[PDB]
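Each of the two blocks below gives one form of the same protein chain as C-alpha coordinates; they are labelled structure 1 and structure 2.
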Structure 1
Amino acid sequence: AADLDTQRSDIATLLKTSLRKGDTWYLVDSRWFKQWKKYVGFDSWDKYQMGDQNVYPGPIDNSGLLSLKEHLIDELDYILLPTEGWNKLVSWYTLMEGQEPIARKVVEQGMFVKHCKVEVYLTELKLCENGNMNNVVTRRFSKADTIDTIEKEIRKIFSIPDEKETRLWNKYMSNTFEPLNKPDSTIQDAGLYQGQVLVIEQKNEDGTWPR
(Lines of atoms letter the chains of each structure in order from A and count residues from 1; the text may use other names and numbers.)
(Lines give C-alpha, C1' and ligand atoms only; values in the text may rest on other atoms or scores of the structure.)
Protein backbone atom coordinates (compact mmCIF):
# COMPACT_ATOMS: atom_id res chain seq x y z
CA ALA A 1 0.00 0.00 0.00
CA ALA A 2 1.22 3.47 -0.99
CA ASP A 3 1.09 6.06 1.81
CA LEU A 4 -2.18 7.96 2.42
CA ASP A 5 -1.10 11.20 0.69
CA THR A 6 -0.01 9.26 -2.39
CA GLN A 7 -3.30 7.45 -2.51
CA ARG A 8 -5.28 10.75 -2.13
CA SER A 9 -3.22 12.46 -4.85
CA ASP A 10 -3.20 9.58 -7.35
CA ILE A 11 -6.93 8.92 -7.09
CA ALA A 12 -7.83 12.66 -7.21
CA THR A 13 -5.96 12.84 -10.50
CA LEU A 14 -7.25 9.58 -11.98
CA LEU A 15 -10.85 10.55 -11.20
CA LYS A 16 -10.41 13.42 -13.67
CA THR A 17 -9.04 11.28 -16.51
CA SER A 18 -10.34 12.30 -19.95
CA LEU A 19 -13.03 10.16 -21.57
CA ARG A 20 -11.79 8.43 -24.74
CA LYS A 21 -14.01 6.21 -26.84
CA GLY A 22 -13.03 2.59 -26.27
CA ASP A 23 -11.43 2.90 -22.82
CA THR A 24 -12.44 0.70 -19.88
CA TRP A 25 -13.57 2.24 -16.56
CA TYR A 26 -14.65 0.57 -13.32
CA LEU A 27 -17.48 1.07 -10.85
CA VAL A 28 -16.66 1.44 -7.17
CA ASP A 29 -19.47 1.39 -4.60
CA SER A 30 -19.85 4.83 -3.01
CA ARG A 31 -20.07 3.16 0.41
CA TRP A 32 -16.59 1.67 0.15
CA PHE A 33 -15.26 4.82 -1.61
CA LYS A 34 -16.56 7.13 1.12
CA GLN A 35 -14.72 5.09 3.74
CA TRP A 36 -11.54 5.23 1.63
CA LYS A 37 -11.96 9.03 1.35
CA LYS A 38 -12.13 9.35 5.17
CA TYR A 39 -9.15 7.04 5.68
CA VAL A 40 -6.95 9.04 3.28
CA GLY A 41 -8.22 12.51 4.22
CA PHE A 42 -9.86 13.24 0.85
CA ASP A 43 -11.96 16.46 0.91
CA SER A 44 -11.63 16.48 4.70
CA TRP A 45 -11.64 19.71 6.78
CA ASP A 46 -10.22 18.40 10.07
CA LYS A 47 -8.72 15.13 8.81
CA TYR A 48 -10.20 13.65 12.03
CA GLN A 49 -10.35 10.04 10.85
CA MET A 50 -7.40 10.07 8.44
CA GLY A 51 -5.32 6.95 9.04
CA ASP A 52 -7.84 5.70 11.63
CA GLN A 53 -8.50 1.92 11.55
CA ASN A 54 -12.17 2.57 12.26
CA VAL A 55 -12.49 3.84 8.66
CA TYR A 56 -10.05 1.42 7.04
CA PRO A 57 -12.04 0.45 3.90
CA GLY A 58 -11.00 -3.21 3.80
CA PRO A 59 -11.08 -5.15 0.51
CA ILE A 60 -12.99 -3.40 -2.31
CA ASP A 61 -16.67 -4.36 -1.88
CA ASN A 62 -19.19 -3.75 -4.70
CA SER A 63 -21.79 -6.26 -3.39
CA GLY A 64 -24.19 -3.41 -2.62
CA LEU A 65 -24.39 -2.54 -6.34
CA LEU A 66 -25.59 -5.96 -7.49
CA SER A 67 -26.00 -7.48 -12.70
CA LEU A 68 -26.72 -3.97 -11.44
CA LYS A 69 -29.60 -2.71 -9.36
CA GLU A 70 -31.59 -0.11 -11.32
CA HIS A 71 -31.51 3.66 -10.97
CA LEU A 72 -27.88 3.66 -9.77
CA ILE A 73 -26.55 7.20 -10.07
CA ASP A 74 -22.98 8.28 -10.69
CA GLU A 75 -21.42 10.08 -7.71
CA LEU A 76 -24.28 9.05 -5.53
CA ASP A 77 -24.33 5.25 -5.56
CA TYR A 78 -21.01 4.57 -7.35
CA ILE A 79 -17.96 6.34 -8.76
CA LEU A 80 -15.95 5.55 -11.87
CA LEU A 81 -12.22 5.13 -12.34
CA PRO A 82 -10.06 4.38 -15.38
CA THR A 83 -8.10 1.10 -15.52
CA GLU A 84 -5.05 2.52 -13.73
CA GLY A 85 -7.18 3.86 -10.87
CA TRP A 86 -8.95 0.54 -10.42
CA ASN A 87 -5.65 -1.40 -10.52
CA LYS A 88 -4.16 0.84 -7.84
CA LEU A 89 -7.07 0.36 -5.44
CA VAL A 90 -6.86 -3.41 -6.00
CA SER A 91 -3.14 -3.51 -5.22
CA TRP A 92 -3.62 -1.33 -2.11
CA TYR A 93 -6.66 -3.12 -0.64
CA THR A 94 -7.36 -6.26 -2.70
CA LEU A 95 -10.78 -7.03 -4.19
CA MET A 96 -13.23 -8.73 -1.86
CA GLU A 97 -13.10 -12.52 -2.01
CA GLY A 98 -15.55 -13.99 -4.55
CA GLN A 99 -16.27 -10.74 -6.46
CA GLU A 100 -15.39 -9.66 -10.00
CA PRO A 101 -14.52 -6.17 -11.23
CA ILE A 102 -17.45 -4.28 -12.77
CA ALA A 103 -16.01 -3.04 -16.05
CA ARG A 104 -17.75 -0.77 -18.58
CA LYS A 105 -16.68 0.95 -21.83
CA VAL A 106 -16.66 4.56 -22.99
CA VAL A 107 -19.09 5.14 -25.88
CA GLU A 108 -20.41 8.08 -27.95
CA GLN A 109 -23.74 9.16 -26.45
CA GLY A 110 -26.63 11.21 -27.89
CA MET A 111 -28.92 11.52 -30.90
CA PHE A 112 -26.83 12.47 -33.90
CA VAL A 113 -24.98 15.03 -31.82
CA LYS A 114 -22.72 13.14 -29.40
CA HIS A 115 -19.91 13.07 -26.85
CA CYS A 116 -18.15 10.41 -24.75
CA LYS A 117 -19.59 8.77 -21.68
CA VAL A 118 -19.05 5.49 -19.85
CA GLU A 119 -21.89 3.14 -20.76
CA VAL A 120 -22.84 1.82 -17.31
CA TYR A 121 -26.17 0.44 -18.50
CA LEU A 122 -26.58 -1.02 -21.96
CA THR A 123 -29.93 -0.36 -23.62
CA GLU A 124 -32.44 -3.17 -23.27
CA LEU A 125 -34.66 -3.64 -26.34
CA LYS A 126 -37.68 -5.94 -26.46
CA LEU A 127 -37.53 -7.97 -29.65
CA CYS A 128 -40.28 -9.83 -31.50
CA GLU A 129 -41.34 -11.24 -34.88
CA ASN A 130 -44.27 -9.72 -36.77
CA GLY A 131 -46.10 -13.05 -36.96
CA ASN A 132 -45.92 -13.71 -33.23
CA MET A 133 -45.81 -10.59 -31.14
CA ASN A 134 -46.38 -12.35 -27.87
CA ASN A 135 -43.06 -14.12 -28.09
CA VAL A 136 -40.93 -11.24 -26.77
CA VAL A 137 -37.19 -11.73 -26.34
CA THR A 138 -35.12 -9.20 -24.40
CA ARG A 139 -31.50 -8.25 -25.12
CA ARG A 140 -29.10 -5.48 -24.15
CA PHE A 141 -27.34 -3.40 -26.80
CA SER A 142 -24.80 -0.59 -26.77
CA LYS A 143 -25.73 2.91 -27.98
CA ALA A 144 -22.86 2.36 -30.43
CA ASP A 145 -24.70 -0.40 -32.30
CA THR A 146 -26.16 0.57 -35.68
CA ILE A 147 -29.61 -0.54 -36.84
CA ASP A 148 -27.84 -2.84 -39.29
CA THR A 149 -26.05 -4.54 -36.37
CA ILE A 150 -29.24 -4.85 -34.31
CA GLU A 151 -31.05 -6.43 -37.26
CA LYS A 152 -28.39 -9.10 -37.92
CA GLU A 153 -28.56 -10.02 -34.25
CA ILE A 154 -32.35 -10.26 -34.17
CA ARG A 155 -32.15 -12.65 -37.10
CA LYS A 156 -29.78 -14.95 -35.16
CA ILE A 157 -31.97 -14.78 -32.05
CA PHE A 158 -34.95 -15.95 -34.09
CA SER A 159 -32.99 -18.26 -36.39
CA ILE A 160 -33.90 -16.50 -39.64
CA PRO A 161 -32.34 -18.07 -42.74
CA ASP A 162 -29.87 -15.78 -44.51
CA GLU A 163 -32.10 -16.21 -47.56
CA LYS A 164 -35.29 -14.68 -46.13
CA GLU A 165 -35.34 -10.89 -46.41
CA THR A 166 -36.25 -8.66 -43.44
CA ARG A 167 -37.44 -5.21 -42.33
CA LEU A 168 -37.17 -3.70 -38.83
CA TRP A 169 -39.87 -1.52 -37.23
CA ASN A 170 -40.13 0.18 -33.87
CA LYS A 171 -43.30 0.89 -31.92
CA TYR A 172 -43.25 4.66 -31.41
CA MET A 173 -45.03 5.74 -28.23
CA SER A 174 -45.88 2.03 -27.77
CA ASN A 175 -48.38 2.64 -30.53
CA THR A 176 -47.60 3.23 -34.21
CA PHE A 177 -45.19 1.19 -36.31
CA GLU A 178 -42.38 3.37 -37.67
CA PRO A 179 -39.75 2.11 -40.11
CA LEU A 180 -36.14 1.70 -39.14
CA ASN A 181 -35.00 2.33 -42.67
CA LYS A 182 -31.64 3.98 -41.95
CA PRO A 183 -29.25 1.08 -41.38
CA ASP A 184 -26.27 3.24 -40.39
CA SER A 185 -28.08 5.22 -37.67
CA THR A 186 -27.08 4.10 -34.18
CA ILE A 187 -29.86 3.05 -31.82
CA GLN A 188 -29.86 6.45 -30.11
CA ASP A 189 -29.76 8.23 -33.51
CA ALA A 190 -32.99 6.36 -34.17
CA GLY A 191 -34.31 7.46 -30.79
CA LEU A 192 -34.51 3.96 -29.27
CA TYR A 193 -34.40 3.70 -25.48
CA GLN A 194 -34.74 1.19 -22.62
CA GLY A 195 -37.71 -1.14 -23.07
CA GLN A 196 -38.46 -0.08 -26.64
CA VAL A 197 -40.36 -2.67 -28.70
CA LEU A 198 -38.80 -3.67 -32.03
CA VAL A 199 -40.63 -5.85 -34.56
CA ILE A 200 -38.83 -7.72 -37.34
CA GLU A 201 -40.75 -8.56 -40.54
CA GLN A 202 -40.01 -11.21 -43.19
CA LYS A 203 -40.79 -10.85 -46.88
CA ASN A 204 -43.33 -13.50 -47.98
CA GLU A 205 -42.54 -16.33 -50.41
CA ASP A 206 -44.60 -14.55 -53.07
CA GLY A 207 -42.58 -11.33 -52.78
CA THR A 208 -45.12 -9.28 -50.82
CA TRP A 209 -44.68 -7.76 -47.34
CA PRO A 210 -46.96 -8.79 -44.43
CA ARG A 211 -47.52 -5.18 -43.26
Structure 2
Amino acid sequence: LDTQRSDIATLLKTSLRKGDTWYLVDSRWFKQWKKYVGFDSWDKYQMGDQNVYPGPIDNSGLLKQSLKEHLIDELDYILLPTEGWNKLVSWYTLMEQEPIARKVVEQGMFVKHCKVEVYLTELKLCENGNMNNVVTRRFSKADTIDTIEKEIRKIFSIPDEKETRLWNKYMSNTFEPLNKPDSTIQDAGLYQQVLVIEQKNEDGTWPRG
Protein backbone atom coordinates (compact mmCIF):
# COMPACT_ATOMS: atom_id res chain seq x y z
CA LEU A 1 0.00 0.00 0.00
CA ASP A 2 2.76 2.55 0.86
CA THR A 3 4.95 0.75 -1.79
CA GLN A 4 1.97 1.28 -4.26
CA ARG A 5 1.96 5.05 -3.46
CA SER A 6 5.81 5.28 -4.00
CA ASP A 7 5.62 3.17 -7.25
CA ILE A 8 2.88 5.21 -9.03
CA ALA A 9 4.41 8.50 -7.73
CA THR A 10 7.73 7.69 -9.58
CA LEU A 11 5.98 6.04 -12.56
CA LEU A 12 3.85 9.23 -13.17
CA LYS A 13 7.26 11.03 -13.48
CA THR A 14 8.50 8.70 -16.24
CA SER A 15 10.29 10.42 -19.11
CA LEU A 16 8.38 10.54 -22.42
CA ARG A 17 10.23 8.69 -25.21
CA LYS A 18 8.88 8.38 -28.82
CA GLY A 19 7.03 5.09 -29.49
CA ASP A 20 6.32 4.33 -25.79
CA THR A 21 2.79 3.32 -24.82
CA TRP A 22 0.99 5.26 -22.06
CA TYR A 23 -2.46 4.68 -20.52
CA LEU A 24 -5.40 6.99 -19.76
CA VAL A 25 -6.86 6.60 -16.27
CA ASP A 26 -10.15 8.41 -15.49
CA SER A 27 -9.33 11.11 -12.88
CA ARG A 28 -12.50 9.99 -10.94
CA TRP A 29 -11.09 6.44 -10.43
CA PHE A 30 -7.60 7.88 -9.76
CA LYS A 31 -8.80 10.47 -7.16
CA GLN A 32 -10.29 7.55 -5.14
CA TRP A 33 -7.11 5.40 -5.52
CA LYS A 34 -5.12 8.42 -4.12
CA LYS A 35 -7.28 8.82 -0.96
CA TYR A 36 -7.17 5.00 -0.40
CA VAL A 37 -3.33 4.77 -0.57
CA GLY A 38 -2.78 8.15 1.20
CA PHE A 39 -0.98 9.64 -1.86
CA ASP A 40 -1.24 13.30 -0.68
CA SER A 41 0.23 14.25 2.70
CA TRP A 42 -2.76 16.66 3.22
CA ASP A 43 -5.25 13.73 2.60
CA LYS A 44 -4.18 10.58 4.52
CA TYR A 45 -7.29 10.11 6.80
CA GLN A 46 -9.18 7.66 4.46
CA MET A 47 -6.05 5.49 3.88
CA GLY A 48 -7.17 1.82 3.74
CA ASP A 49 -10.90 2.59 4.31
CA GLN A 50 -13.21 0.23 2.28
CA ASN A 51 -15.28 3.44 1.56
CA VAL A 52 -12.43 5.07 -0.50
CA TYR A 53 -11.51 1.68 -2.13
CA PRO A 54 -11.48 2.48 -5.94
CA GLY A 55 -12.49 -1.00 -7.18
CA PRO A 56 -11.58 -2.33 -10.69
CA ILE A 57 -10.30 0.37 -13.15
CA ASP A 58 -13.27 2.21 -14.77
CA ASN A 59 -12.79 4.49 -17.81
CA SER A 60 -16.53 4.45 -18.84
CA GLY A 61 -16.59 8.20 -18.10
CA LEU A 62 -13.97 8.75 -20.86
CA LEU A 63 -15.53 6.46 -23.52
CA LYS A 64 -18.58 7.15 -25.76
CA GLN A 65 -15.79 1.90 -27.56
CA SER A 66 -14.37 5.22 -28.99
CA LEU A 67 -12.82 8.00 -26.80
CA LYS A 68 -14.76 11.24 -26.02
CA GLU A 69 -13.49 14.54 -27.56
CA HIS A 70 -12.20 17.69 -25.71
CA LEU A 71 -10.67 15.70 -22.75
CA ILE A 72 -7.86 17.51 -20.90
CA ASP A 73 -4.91 15.91 -19.07
CA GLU A 74 -5.11 16.09 -15.22
CA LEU A 75 -8.72 17.47 -15.36
CA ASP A 76 -10.36 14.39 -17.02
CA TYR A 77 -7.63 11.70 -17.12
CA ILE A 78 -4.14 10.73 -15.77
CA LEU A 79 -1.32 9.26 -17.86
CA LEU A 80 0.67 6.25 -16.67
CA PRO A 81 3.35 4.21 -18.53
CA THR A 82 3.05 0.41 -19.25
CA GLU A 83 4.61 -0.57 -15.87
CA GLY A 84 2.23 1.80 -14.02
CA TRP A 85 -0.86 0.54 -15.90
CA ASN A 86 0.12 -3.16 -15.44
CA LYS A 87 0.60 -2.51 -11.69
CA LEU A 88 -2.89 -0.91 -11.40
CA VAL A 89 -4.26 -3.80 -13.55
CA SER A 90 -2.52 -6.34 -11.21
CA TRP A 91 -3.72 -4.67 -7.99
CA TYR A 92 -7.31 -3.83 -9.06
CA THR A 93 -8.13 -5.59 -12.37
CA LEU A 94 -10.15 -3.81 -15.10
CA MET A 95 -13.98 -3.44 -15.34
CA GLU A 96 -15.81 -6.07 -17.55
CA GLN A 97 -14.30 -2.56 -21.20
CA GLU A 98 -10.86 -2.43 -22.94
CA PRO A 99 -7.67 -0.35 -22.01
CA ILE A 100 -7.04 3.17 -23.43
CA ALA A 101 -3.58 2.95 -25.08
CA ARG A 102 -1.93 6.00 -26.74
CA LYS A 103 1.55 6.60 -28.19
CA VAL A 104 4.31 9.18 -27.38
CA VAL A 105 4.97 11.31 -30.53
CA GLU A 106 7.58 14.09 -31.19
CA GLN A 107 6.74 17.55 -32.44
CA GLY A 108 9.43 19.87 -33.81
CA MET A 109 9.69 23.19 -32.04
CA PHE A 110 11.48 26.50 -31.97
CA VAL A 111 12.37 27.33 -28.38
CA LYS A 112 14.62 29.51 -26.29
CA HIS A 113 17.45 27.97 -24.30
CA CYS A 114 19.33 29.89 -21.59
CA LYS A 115 23.09 29.65 -20.86
CA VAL A 116 25.57 31.74 -18.85
CA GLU A 117 27.69 33.63 -21.41
CA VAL A 118 31.26 33.16 -20.11
CA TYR A 119 32.95 34.42 -23.34
CA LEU A 120 31.86 37.44 -25.43
CA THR A 121 32.91 37.75 -29.11
CA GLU A 122 35.76 40.12 -29.94
CA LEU A 123 35.12 41.78 -33.33
CA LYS A 124 37.18 44.27 -35.39
CA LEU A 125 35.37 47.50 -36.51
CA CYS A 126 36.10 50.18 -39.20
CA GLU A 127 34.30 52.66 -41.47
CA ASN A 128 34.31 52.23 -45.28
CA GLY A 129 35.71 55.80 -45.60
CA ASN A 130 38.81 55.31 -43.39
CA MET A 131 39.53 51.54 -43.01
CA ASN A 132 43.08 52.28 -41.67
CA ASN A 133 41.25 53.18 -38.39
CA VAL A 134 40.34 49.85 -36.61
CA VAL A 135 38.49 49.61 -33.25
CA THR A 136 38.08 46.29 -31.32
CA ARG A 137 34.97 45.58 -29.19
CA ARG A 138 33.51 42.56 -27.33
CA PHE A 139 29.87 41.63 -28.03
CA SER A 140 27.28 39.20 -26.59
CA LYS A 141 26.38 36.32 -29.04
CA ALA A 142 22.64 37.20 -28.35
CA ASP A 143 23.04 40.74 -29.71
CA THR A 144 21.25 41.30 -33.00
CA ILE A 145 22.73 42.90 -36.13
CA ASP A 146 20.39 45.83 -35.45
CA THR A 147 21.89 46.30 -31.89
CA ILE A 148 25.56 45.81 -33.04
CA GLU A 149 25.12 48.47 -35.84
CA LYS A 150 23.64 51.10 -33.38
CA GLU A 151 26.70 50.51 -31.12
CA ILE A 152 29.17 50.77 -34.07
CA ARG A 153 27.45 54.11 -35.00
CA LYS A 154 28.02 55.34 -31.39
CA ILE A 155 31.75 54.33 -31.67
CA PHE A 156 32.25 55.97 -35.12
CA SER A 157 30.18 59.11 -34.21
CA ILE A 158 27.30 58.54 -36.65
CA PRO A 159 24.06 60.55 -36.05
CA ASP A 160 20.85 58.45 -35.78
CA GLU A 161 19.41 60.64 -38.66
CA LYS A 162 22.06 59.31 -41.16
CA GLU A 163 21.18 55.96 -42.84
CA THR A 164 23.60 53.05 -42.66
CA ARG A 165 24.36 49.38 -43.44
CA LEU A 166 26.95 46.89 -42.08
CA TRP A 167 29.39 44.53 -43.83
CA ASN A 168 31.50 41.55 -42.89
CA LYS A 169 34.89 42.12 -44.64
CA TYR A 170 36.99 39.19 -45.99
CA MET A 171 40.34 39.05 -47.87
CA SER A 172 40.68 40.85 -51.26
CA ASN A 173 37.55 43.14 -51.49
CA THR A 174 35.02 40.45 -50.43
CA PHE A 175 32.13 42.07 -48.46
CA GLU A 176 29.20 40.16 -47.02
CA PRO A 177 25.93 42.18 -46.49
CA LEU A 178 24.53 42.00 -42.93
CA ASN A 179 20.91 42.81 -43.98
CA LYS A 180 19.05 40.33 -41.57
CA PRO A 181 18.62 42.82 -38.68
CA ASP A 182 16.97 40.51 -36.11
CA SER A 183 19.62 37.78 -36.52
CA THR A 184 22.02 37.33 -33.61
CA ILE A 185 25.80 37.83 -34.08
CA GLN A 186 25.90 33.98 -33.66
CA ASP A 187 23.20 33.22 -36.31
CA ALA A 188 24.85 35.75 -38.70
CA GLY A 189 28.10 33.73 -38.53
CA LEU A 190 30.30 36.32 -36.85
CA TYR A 191 33.26 34.78 -34.91
CA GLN A 192 36.25 36.21 -32.86
CA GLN A 193 36.32 38.95 -37.85
CA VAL A 194 36.39 42.51 -39.36
CA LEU A 195 33.18 44.62 -39.61
CA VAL A 196 32.73 47.54 -41.97
CA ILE A 197 30.12 50.28 -41.43
CA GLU A 198 28.86 52.41 -44.41
CA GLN A 199 27.02 55.79 -44.40
CA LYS A 200 24.51 56.72 -47.14
CA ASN A 201 25.75 59.80 -49.13
CA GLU A 202 23.81 63.12 -48.78
CA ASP A 203 22.51 62.71 -52.46
CA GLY A 204 20.89 59.34 -51.53
CA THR A 205 23.38 57.06 -53.34
CA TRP A 206 25.68 54.62 -51.46
CA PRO A 207 29.52 54.92 -51.45
CA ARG A 208 29.63 51.14 -52.38
CA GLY A 209 26.40 51.31 -54.50
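Throughout, rigid core stands for the largest set of C-alpha atoms superposing within 1.5 Å between the two forms. Residues that one form lacks are left out of the comparison. Throughout, residue numbering runs from 1 along the sequence of structure 1.
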| query | finding |
| --- | --- |
| Core superposition between structure 1 and structure 2, C-alpha change of residue 123 at least 2 Å | yes |
| Rigid core superposition, residue 61 Cα moves 2 angstroms or more between structure 1 and structure 2 | no |
| Two-part rigid motion between structure 1 and structure 2 - turning angle of the smaller part, in ° | 163 |
| Core superposition result - C-alpha of residue 184, shift between structure 1 and structure 2, Å | 28.6 |
| Runs in sequence order between structure 1 and structure 2, three or more residues long, with CA shifts of 2 Å or more on the rigid core | 109 to 194, 196 to 211 |
